[PDB]
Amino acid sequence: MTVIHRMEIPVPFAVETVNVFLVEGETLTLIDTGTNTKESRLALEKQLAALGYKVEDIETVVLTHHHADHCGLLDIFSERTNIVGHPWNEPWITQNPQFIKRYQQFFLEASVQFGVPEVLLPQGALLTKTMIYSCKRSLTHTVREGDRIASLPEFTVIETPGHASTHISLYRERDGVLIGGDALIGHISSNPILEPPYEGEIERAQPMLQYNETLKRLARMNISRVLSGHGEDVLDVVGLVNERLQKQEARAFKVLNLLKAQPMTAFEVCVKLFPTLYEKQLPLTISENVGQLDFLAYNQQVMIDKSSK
């Protein structure tokens, strides 16, 4: 029945490549796409051609999540193509004007709240500004926990939030294969990527706790092999999860101990945690602080505008 192929698509991010998966079944399904770049598109087209296919032959595209490396080429697919993912992808992937306005307001406010020096901010650009690597295309179909995608009958949709709010993985009960997305990556942690609140969202799960719960769920599943969004397959999910949970705990303690010595802004903690990477890249830190603020381990001296932890 199905033949699954991994295609490695170049992306202009530190991870260098994204894994996309072509499933040759009764119809042709692609899982994830690559960024909205000429380079990504050319690579996808070339690798499809070597398999004897053109973009127009793909009848279903499934998104594991809304990050640009996974959805960015959505516009290229034929008008007949089913586009399937978590429902919350929709505002991101359509670049809904109201969503974009909210996104821009959130990040401006966040920059101030976290005390990011203006010189480091995307500002103009960065060899790259923002949102520019994403698509402008709607879903045709939404999926949630336990759902089946018509073109992938042996798989079940599992909600795997944490890395992103829109994150899903595809589980094949027959042989325990998971098309994981970015929920569990072998070589690097895939910790929560900060997002704006959705319109109407009063609250979301504590993101780090959600990520950890997703990890624990995966560890309890009977998974033989994770086909990951980046890097090599994961064959020992239990082992990897245990390691990641241990590392997360250590980092949380490191943050807690940093703050005991000197109360700090998020940016200041970031510079302590990532003394080399903070100029080249910008993550996390807030995830750890927010995790500790939940769990009532750390207080925020709100007042100034630049929050003090």
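The first residue of the sequence shown is number 1, and the count goes up from there.
When the mean C-alpha temperature factors of 251 to 259 and 41 to 49 are read from the deposited coordinates, 251 to 259 comes out higher.
Between 165 to 173 and 186 to 194, it is 186 to 194 that carries the larger average Cα temperature factor according to the deposited entry. Set against one another, the Cα B-factors of 158, 93, 127, 76 in the record reach their highest point at 127. Across the options 97, 229, 146, 85, the residue with the most elevated CA B-factor in the record is 97. Remark: residue 121 belongs to the highest third of its chain, ranked by C-alpha B-factor as recorded. Residue 246: CA B factor lies in the highest third for its chain, per the PDB record.
The PDB entry assigns residue 135 a C-alpha temperature factor belonging to the lowest third of its chain's modelled residues. In the deposited entry, the Cα temperature factor of residue 266 places it in the middle third of its chain's modelled residues. When the modelled residues of the chain are ordered by C-alpha B-factor, residue 289 sits in the middle third.
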